[PDB]
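Single chain ahead, by itself, as structure tokens, in the form deposited in one PDB entry.
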């Protein structure tokens, strides 16, 4: 390896998005360039729509994916992942005036790896509150998978990008959403989004898997080993923690 092409969505702030000039920027872009410097590889970032991000990697259109991608079990069936470069729980989003905000949270930190009758009870409480409530999620995400598998009785609308979800929630076309704390905290910290609030349990595991990793082809064992070495070094020296505070406003490093 001498040069690699890394794909990113280009519409998932603060992980990957476009600045004023249209240049790809964000946590994934900064970390991508840092990791490649540690690996002694030339780094080229390309914009790719979420719909064909995994098949374009397997087809050989580029060598890696750094696009806020959760290491989820369904994805592991198709591609390989590096070591997680960020750890984030999942939570719900609504409006600041929404009665949903008054709901009691019995389990603050909800792991989904092995749902006990008590965790199922907390999940069912929310499902029942969420009936009649219009839900919005980005298509092809772990958010959609959670909603279809864990809360099937809840009506969901799928969107092209997360920016369309945010638009519709602010507009009043949808009542609530789901995404990670890493996306939602920078969003709710913005003064333009004082009308948006995070709520409910903070969920980990199950179909959300463990952390955000680099998407690599399964046969590219050597490229995975290189990224794993680079990621461990970037975490140990505090580079991931620095970029996490710089882009998310808190430490989400493993």
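Residue numbers count along the first chain shown, from 1.
The PDB entry reports B-factors from which the mean C-alpha value can be compared for 24-32 and 37-45; the larger average falls on 37-45.
Mean C-alpha B-factor is higher over 167-175 than over the other stretch, the pair under comparison being 136-144 and 167-175.
Considering 116, 91, 182, 94 together, the PDB entry gives 116 the largest C-alpha B factor.
Ranked within its chain, residue 125 lands in the lowest third, by CA B factor from the PDB record. Residue 131 sits in the highest third of its chain by CA B factor, as recorded in the PDB entry.
When all modelled residues of the chain are sorted by CA temperature factor, residue 190 is found within the middle third. Remark: residue 212 belongs to the middle third of its chain, ranked by C-alpha B-factor as recorded. Sort the chain's modelled residues by C-alpha temperature factor and residue 68 lands in the lowest third, per the entry.
Although it is not shown, the form deposited in another entry is what the next lines describe.
For the motion between this form and the one not shown, residue 110 lies in the other rigid part from residue 223.
Legend note: Cα of residue 173 to Cα of residue 67 is at least 3 Å farther in the other entry than in the depicted form. CA of residue 249 to CA of residue 201: closer by 3 Å or more in the other entry than in the shown form.
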